[PDB]
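Input: a single structure, listed below in structure tokens.
There are 4 protein chains.
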Amino acid sequence: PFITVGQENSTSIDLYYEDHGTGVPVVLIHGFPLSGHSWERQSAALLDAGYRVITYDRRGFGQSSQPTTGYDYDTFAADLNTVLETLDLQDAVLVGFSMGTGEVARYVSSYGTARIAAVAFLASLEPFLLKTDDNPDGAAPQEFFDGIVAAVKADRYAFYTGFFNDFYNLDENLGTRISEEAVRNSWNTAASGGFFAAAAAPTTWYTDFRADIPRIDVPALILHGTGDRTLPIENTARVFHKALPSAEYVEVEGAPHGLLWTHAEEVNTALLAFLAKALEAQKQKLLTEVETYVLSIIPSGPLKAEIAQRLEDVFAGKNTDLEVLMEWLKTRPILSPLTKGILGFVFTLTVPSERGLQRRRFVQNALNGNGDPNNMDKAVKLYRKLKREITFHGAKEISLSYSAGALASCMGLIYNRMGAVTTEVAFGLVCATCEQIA
Amino acid sequence: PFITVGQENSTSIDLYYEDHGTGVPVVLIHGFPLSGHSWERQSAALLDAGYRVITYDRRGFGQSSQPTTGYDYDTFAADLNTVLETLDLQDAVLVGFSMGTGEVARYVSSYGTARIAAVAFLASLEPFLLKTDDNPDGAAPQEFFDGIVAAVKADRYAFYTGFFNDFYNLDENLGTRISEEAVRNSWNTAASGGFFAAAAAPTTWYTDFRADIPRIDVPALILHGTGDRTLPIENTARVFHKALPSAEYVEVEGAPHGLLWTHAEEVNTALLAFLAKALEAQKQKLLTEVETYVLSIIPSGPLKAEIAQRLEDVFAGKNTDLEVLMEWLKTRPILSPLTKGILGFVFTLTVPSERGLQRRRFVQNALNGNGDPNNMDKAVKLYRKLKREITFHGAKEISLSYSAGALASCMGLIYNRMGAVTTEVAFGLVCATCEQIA
Amino acid sequence: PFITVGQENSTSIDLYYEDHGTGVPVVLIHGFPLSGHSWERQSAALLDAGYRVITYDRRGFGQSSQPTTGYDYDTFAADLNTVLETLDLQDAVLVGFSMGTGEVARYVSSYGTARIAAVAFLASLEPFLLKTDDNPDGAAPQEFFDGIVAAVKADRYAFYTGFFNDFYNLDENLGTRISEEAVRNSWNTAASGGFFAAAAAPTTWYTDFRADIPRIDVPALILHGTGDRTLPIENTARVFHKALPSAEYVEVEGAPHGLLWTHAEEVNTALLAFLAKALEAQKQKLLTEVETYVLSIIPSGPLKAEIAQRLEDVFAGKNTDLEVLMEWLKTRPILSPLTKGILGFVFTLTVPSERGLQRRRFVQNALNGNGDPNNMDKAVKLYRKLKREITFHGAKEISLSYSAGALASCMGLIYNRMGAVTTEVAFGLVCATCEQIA
Amino acid sequence: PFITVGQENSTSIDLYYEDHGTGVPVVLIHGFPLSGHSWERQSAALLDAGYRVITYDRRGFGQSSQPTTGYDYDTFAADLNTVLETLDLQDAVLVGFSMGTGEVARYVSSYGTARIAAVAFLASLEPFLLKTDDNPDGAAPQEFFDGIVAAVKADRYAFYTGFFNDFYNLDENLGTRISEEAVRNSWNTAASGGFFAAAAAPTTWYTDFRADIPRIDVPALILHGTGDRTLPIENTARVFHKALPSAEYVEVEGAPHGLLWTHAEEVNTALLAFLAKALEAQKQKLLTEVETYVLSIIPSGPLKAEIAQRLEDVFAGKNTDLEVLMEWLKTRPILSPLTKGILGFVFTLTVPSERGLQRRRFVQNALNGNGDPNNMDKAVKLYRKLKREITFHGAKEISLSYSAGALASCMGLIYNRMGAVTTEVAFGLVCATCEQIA
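Here the protein sequences line up with chains A, B, C and D, keeping their order.
Numbering-wise (my numbering), the first sequence opens with residue 33 and increments by one.
Numbering-wise (my numbering), the second sequence opens with residue 33 and increments by one.
Numbering-wise (my numbering), the third sequence opens with residue 33 and increments by one.
Numbering-wise (my numbering), the fourth sequence opens with residue 33 and increments by one.
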């Protein structure tokens with residue numbers, strides 16, 4: 033999986049990325065000098081929680097292309113933008129690490145937060161690393177950073193082992209927090225990067241982000257270890273906390289720089305606690321929107337009120353048995369068969385506790401579609417567009433074109449254990465079919 | 033140089049036209065019975081001011097073909113329409129004289145004002161010369177014009193020496209305002225015209241232009257000699273003034289009908305003043321709306337005030353150097369490369385005083401954007417459409433159906449070698465680009 | 033080289049694969065946690081034997097994509113089916129290893145054996161690894177496999193060194209059967225796999241294949257090690273032998289799990305012996321079918337019996353003098369010049385006795401084609417169609433749609449070393465020319 | 033970035049290549065068993081000097097495809113030819129190492145020197161490694177190389193740690209000239225190659241390059257380590273020196289075989305010095321012949337002495353400003369506008385120090401010349417031919433069949449936006465233009 037972001041000479045600067053899981057998109061940006069695979073402990077906990085994980089490799093690092101141009105944060109942000117535009121992500125979360133936090137703060141400032149719901153800064157560079165007469169809160173003068181760039185160009189392979197010692201604090205963490213095999217992969221990941229990228233990237237560490245911080249309007253999370261070597265805490269996060277008081281501030285006690293692996297228990301705990309508090313407001317907004325499209329089919333009366341509460345208890349998570357429900361749903365005087373099917377459909381997508389034994393006939397004949405071959409031949413063409421679809425905003429848009437007949441049969445395909453798509457796009461088909469009946 | 037505007041049996045009807053200078057196109061349309069060479073004093077000052085002068089000879093007059101058909105303003109306007117379309121003039125200016133003032137009002141009424149920026153009626157026929165019962169403000173009954181046609185048919189050549197005698201007021205202006213030799217050449221221009229034209233043209237003088245006046249939605253200029261013997265001012269310019277009060281009204285005192293030569297020092301003064309104001313207004317009206325679109329791409333703050341000032345200063349023509357701007361624009365904290373390439377692309381257009389030097393490098397790098405195989409080749413698709421588009425709204429509408437990655441790439445093509453198209457069409461892309469990124 | 037076998041979100045699940053050599057397609061399916069390059073010792077043996085090696089990487093492992101969906105044998109077999117169909121293989125032999133033996137039995141029991149000639153099971157998973165009350169032939173209860181997954185999730189990179197120590201039995205083979213450099217490479221491939229793929233794979237180890245075994249209606253090979261630490265021989269092959277008795281049962285003495293590298297000599301010898309014992313019956317009644325068309329051109333008499341022995345004493349595997357035949361076929365009264373070049377061509381392919389010199393003349397003058405450009409331009413048309421051909425039937429079905437005169441010129445280039453084909457393709461041409469003489 | 037160079041059954045053979053920087057193209061070809069990343073020190077100095085670095089990985093090695101066919105220098109040269117043609121490199125430089133030095137000699141012999149300006153053989157195989165009876169100056173009998181292939185087939189991975197041990201002389205250079213980590217990565221690059229490649233490549237070492245040496249008609253550089261254990265200097269570089277005495281000969285004392293890393297400070301010094309001289313000679317040799325053509329368009333006198341001096345001063349790189357030249361060229365008594373447009377077109381090319389400013393106005397006006405409908409459109413016909421032409425003589429021959437009015441117009445197109453083509457092709461037009469006007 034590759035996304036093109038640039039064009040160097042006769043080649044195209046392509047970036048490696050991975051799009052896993054279904055739900056709220058969480059974009060992860062790695063640090064120097066690793067790949068997107070470095071988030072393998074965080075990506076694990078984000079998948080079990082239900083989030084959609086998207087990790088991409090920075091140019092010159094990992095499996096991405098290795099050009100000798102475009103090594104400033106204006107290019108690094110222009111790449112992140114192209115990725116978000118190509119993926120068409122909406123209300124996503126940007127989580128950065130090391131250099132990754134430098135793109136999270138630059139993109140937000142330069143392109144806005146129309147696609148952003150929340151951000152996070154793990155072991156950040158912000159606001160400034162370079163120590164000048166202007167900024168005393170710097171970590172080191174430019175002579176120091178020029179000492180690193182030269183030390184890479186001499187022998188970048190021998191430079192890595194020294195760097196990955198101040199990355200994990202191996203004299204304290206090896207054999208306890210991190211194994212030597214785990215370290216080896218990090219070296220293998222770094223050594224398999226672009227030689228030019230390894231020598232040009234350190235010149236971006238001392239970037240002035242003081243102008244980009246105020247442009248953060250979305251909820252933010254700031255995290256940093258108290259034993260960081262590459263990025264001293266009192267020169268970064270401690271003074272990042274004063275620049276943006278709106279963000280929650282978390283110091284992991286005794287954590288090194290590469291705290292993504294060493295303190296995975298601590299990081300994942302805080303990262304999930306932040307997301308489930310800053311995304312809860314929008315994650316249920318669909319549940320009341322899906323409820324809206326569903327209720328716009330039910331004829332007004334005593335039924336419409338109880339049905340709406342059979343959606344409230346279910347969407348929330350209250351215990352509801354289907355047998356009393358589905359029986360009751362069938363024997364209805366004013367409900368047309370087609371609505372019985374949609375309700376029977378939605379009531380199965382939202383609960384994993386249907387006992388997994390029986391199916392219903394009143395819905396199965398409702399989501400039939402008469403049995404017309406042409407009507408079925410279009411329904412599978414929709415499912416084809418839905419099996420390669422991800423978002424609710426996209427599944428509804430596509431399934432609003434096809435006729436009301438093909439929509440019924442397409443819902444049947446998913447319901448009759450034939451086709452299979454995520455519950456987020458399943459609502460899309462439902463809410464699109466509901467707009468047809470309006 | 034000729035332009036085919038029709039067909040007459042075995043012969044084609046061609047019109048002699050000339051094209052001079054570079055700048056805002058000014059179409060000069062002559063009157064009876066001269067040719068395009070009668071503007072040789074107005075066509076001089078317009079060239080010294082920086083305009084593009086275009087003179088064409090009406091059918092049957094000058095070096096143009098001499099057919100015996102199509103001697104009516106419905107045909108004359110079609111002739112003008114063909115000339116304008118063939119030359120593909122955009123935002124041009126129509127200036128007519130005597131009969132030529134009828135081809136200005138008829139064109140705007142029948143064909144529109146997409147190619148027209150401003151018009152001018154010098155010694156005009158408007159609105160109606162024929163003195164009827166419903167039109168009291170005429171000049172003479174049809175028994176008079178029928179006398180002129182009969183007078184020409186008897187002796188065309190002897191008729192001229194009496195016509196030019198009142199055309200210039202040679203009992204008042206000869207050997208003073210107009211030389212004897214100047215008259216002789218004007219006589220030669222008359223005698224070298226179509227014999228049928230000189231007999232058919234006078235019947236086109238009493239054409240009702242009251243159906244064409246309201247169609248005028250552009251700045252106009254009504255100038256007329258006070259001592260016009262051939263075309264009474266009290267029966268034309270005075271009543272024409274009421275029909276179109278929006279027009280700048282000017283009366284040259286003591287001027288005859290042929291005031292293009294005798295009073296060239298007054299006509300040139302007024303015509304240049306009108307053009308240097310009315311066109312200046314359009315270069316300001318449709319320039320402040322560009323700033324509006326540009327100031328939607330820039331985040332709120334001092335940068336939305338510093339750019340705003342530097343735009344309003346540049347628009348006002350305040351003397352400044354681009355090398356201060358182009359450098360200060362570069363070293364800017366918040367702005368992304370894209371909106372740094374858009375601003376630079378505007379500063380190169382709105383500041384003709386470019387020190388007579390090169391282009392820039394950061395705008396060239398930001399504009400292309402990715403250079404995607406189809407997206408860059410969808411920029412050359414729009415490049416073929418904008419070269420044919422003539423308006424600002426037209427350029428805005430088409431480019432609004434294209435992606436911001438395609439618009440930026442298309443702007444990259446225009447910036448390199450312009451142009452082709454005009455600035456009013458180039459701004460149509462910039463404003464459309466800014467409208468997309470929002 | 034890649035093959036799209038699915039679609040996860042905005043990414044396409046592609047599998048890496050290789051295709052070398054000419055002959056019977058032998059598919060090699062690796063196991064946990066290596067890749068297709070682990071068969072490198074078997075691939076070298078199969079290419080020299082005269083086979084066609086096709087290795088591919090399982091999803092999430094090796095050089096293929098690393099998705100989070102589709103980790104079950106129903107999905108693993110769906111990929112295998114797509115690879116087999118995309119390549120359009122026929123008479124293909126399926127060989128598996130560890131986790132790769134499960135894809136062989138599952139595909140064969142759901143998609144049929146139309147493209148399959150034989151199967152092989154090295155270090156099998158069959159028939160059941162999980163130990164319940166239903167079968168004592170299980171390896172370990174569910175509580176054991178949960179320990180593995182938890183160990184992978186803890187430290188994926190540290191898990192391998194403890195897994196590869198029991199994979200090759202390094203307390204027995206290190207420094208002898210396998211060097212530490214070979215271990216490091218096996219680790220480098222396991223580390224470059226998928227993070228989700230390495231933890232969701234052991235849950236597929238205890239898949240029940242009992243309902244897939246009787247579906248195997250092709251010659252099989254059940255090979256195992258008597259020192260396997262990962263897959264206990266008593267719980268796998270020992271009981272697999274009872275569910276599949278008509279399969280050649282081979283127990284490599286003292287062999288570990290990673291016997292592909294340690295006991296490569298013992299495996300290759302046993303694998304090649306099986307590939308000959310299973311494919312001999314099909315080469316017979318094909319080589320005799322080849323002879324059938326060959327003897328048809330030979331006139332029924334005392335010569336049609338002699339040439340029968342001259343063929344059957346070469347098809348078997350015996351050696352002979354090329355000089356004797358090419359002088360006994362040359363100086364012959366009854367045979368036509370064309371059928372001399374035909375027998376001279378069949379012999380030149382079925383004989384290993386090169387003697388290392390010059391190439392016959394009479395066959396050149398027989399397979400000439402009159403030196404006709406039109407007839408010889410039709411000859412290169414078949415060559416381009418035969419160079420892309422595989423089966424014997426596929427060659428005969430195409431070489432029969434040409435004139436018999438053109439086939440001679442086409443058998444000229446293949447003879448004159450100007451063109452190269454396989455063995456079944458070459459005979460497909462010859463046995464087609466023989467059909468056109470009836 | 034990949035380039036297809038062949039086809040292998042179901043898979044395509046693609047080669048991984050990289051393109052960096054702008055300037056004179058330098059093709060770097062690696063050796064056994066590394067990849068293009070082995071030039072990361074030479075590829076650094078070349079970029080800092082202003083060259084275009086192109087590294088491609090040989091088949092079976094690096095990230096390129098791993099087929100089992102075409103492991104011979106006849107195929108390797110075809111691979112190089114395909115890469116050069118696909119990239120359309122003109123006047124490039126070929127630099128090879130170990131095996132790579134064989135692909136330089138084979139290309140020049142089989143394909144020519146139209147795209148090649150200079151070559152370099154670093155630690156070369158030339159002329160013949162195999163020690164035969166007719167070739168006393170060999171290195172080892174075939175019984176030796178057959179021992180290496182057998183050594184690799186046994187254990188490919190364990191073989192490397194012994195090969196790299198002598199490749200770098202790690203008993204002399206380890207932890208000093210080359211780090212331990214630098215070795216480990218080189219081992220990873222080896223282990224990640226084609227298994228069949230590592231067994232087939234050593235058989236290509238003893239290739240007779242005596243049939244390729246005389247074909248070299250370009251400046252060459254023979255550099256070799258004195259302490260090369262793998263490739264003896266006395267059996268290669270010494271005898272190779274006699275076969276090609278025209279080449280600049282350099283011996284680095286105490287350098288092993290992998291002197292690209294251990295002695296990068298010596299190789300970079302020599303390679304840059306050779307390139308900055310040999311290429312400088314071509315930029316002077318084929319520049320003085322331009323002056324010869326230019327000084328045939330200028331009448332004899334002081335102008336044929338003042339231009340001659342100002343040309344020879346500019347060619348010599350003497351610091352001067354164009355605004356003195358471009359103005360002094362303008363105000364010149366004898367010269368016609370055409371030969372004033374040709375001179376200005378040369379001064380813009382031969383003086384890169386253009387103050388970083390604009391173009392000129394008199395050359396733009398004189399070059400187009402008439403703009404004849406067919407003659408200007410016969411300039412775009414030549415513009416399509418010169419973009420494909422690669423040499424100086426080639427550009428001269430084609431444009432010699434066109435009129436001077438077409439050549440001038442074609443020069444007008446190149447001057448506006450160059451380019452596309454190179455200066456060696458642009459001069460091919462200028463010299464052809466001057467040749468016409470005579």
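Positions of the beta carbon are idealized from the N, C-alpha and C atoms, including for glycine.
| Check | Outcome |
| --- | --- |
| For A470 of chain C, which residues from the same chain have a beta carbon less than 6 Å from its beta carbon, with the 5 sequence-adjacent residues on both sides left out? | none |
| Of all the CB atoms in chain C, is at least one closer than 8 Å to the CB of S42 of chain D? | yes |
| Quick check: what's the CA-CA separation for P33 of chain C versus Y48 of chain C? | 6 Å |
| Roughly how many angstroms lie between the CA atoms of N201 of chain A and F191 of chain D, to the nearest whole one? | 35 Å |
| Just the chain D side, please: which residues come within less than 9 Å of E355 of chain C by C-beta, in chain order? | In chain order: nothing, as chain D lies at least about 29 Å away. |
| How many Å lie between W360 of chain D and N448 of chain B at the Cα? | 29 Å |
| Are the beta-carbon atoms belonging to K428 of chain A and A464 of chain A less than 8 Å from one another? | yes |
| Listed from N- to C-terminal order along the chain, which residues in the region 199 to 225 of chain D have their beta-carbon within a distance smaller than 9 Å of any beta-carbon of chain C? | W219, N220, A223, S224 |
| Counting only Cβ-Cβ distances shorter than 9 Å, please list the residues of the region 92 to 118 of chain D near chain C, keeping chain order. | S97, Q98, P99, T100, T101 |
| Pick out whichever of B:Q174, B:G286, B:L389, B:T101 has its Cα sitting closest to the Cα of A232 of chain B. | B:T101 |
| What residue range is occupied by the uninterrupted alpha helix (DSSP H) comprising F272 of chain D? | 269 to 275 |
| Which same chain residues end up closer than 7 Å to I422 of chain B when comparing Cβ atoms and leaving out the 5 residues on each side of it in sequence? | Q122, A146, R147 |
| Can you pull the chain A neighbours of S433 of chain B, defined as C-beta to C-beta under 8 Å? | Those within 8 Å of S433 of chain B in chain A number zero; the least Cβ separation is about 17 Å. |
| List the residues of chain B whose Cβ lies closer than 7 Å to the Cβ of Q39 of chain A, in chain order. | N402, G403 |
| Name the residue from A:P234, A:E297, A:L157, A:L116 whose alpha carbon lies nearest to the alpha carbon of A275 of chain A. | A:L157 |
| For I430 of chain C, does the three-state DSSP call read helix, strand or coil? | coil |
| Closer than 6 Å by C-beta to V136 of chain D: which residues in its own chain qualify, once you throw out the five before and the five after it? Chain order, please. | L126, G128, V151 |
| Name the chain D residues whose beta carbon is nearer than 9 Å to that of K163 of chain A? | What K163 of chain A touches in chain D: nothing, since even the nearest Cβ is about 28 Å away. |
| Kindly provide the ranges of any alpha helix (DSSP H) runs that are 4 or more residues long and lie completely inside the region 321 to 407 of chain A, ordered along the chain. | 334 to 348, 354 to 362, 369 to 381, 393 to 396 |
| Per DSSP, which one or two residues make a beta bridge with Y49 of chain B? | B:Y88 |
| Distance check for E50 of chain C and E323 of chain C, CA to CA, integer angstroms please. | 35 Å |
| Between which residues of its own chain and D111 of chain A is the CB-CB distance below 6 Å, once the five residues before and five after are set aside? | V37 |
| Would you verify that the beta carbon of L79 of chain D is, or is not, closer than 8 Å to some beta carbon of chain A? | yes |
| Check each candidate in C:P365, C:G437, C:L367 and name the one with the smallest Cα separation from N400 of chain C. | C:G437 |
| Taking the beta carbon of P384 of chain B as the centre, do at least 16 other beta carbons fall within 10 Å, making it buried, or is it exposed? | exposed |
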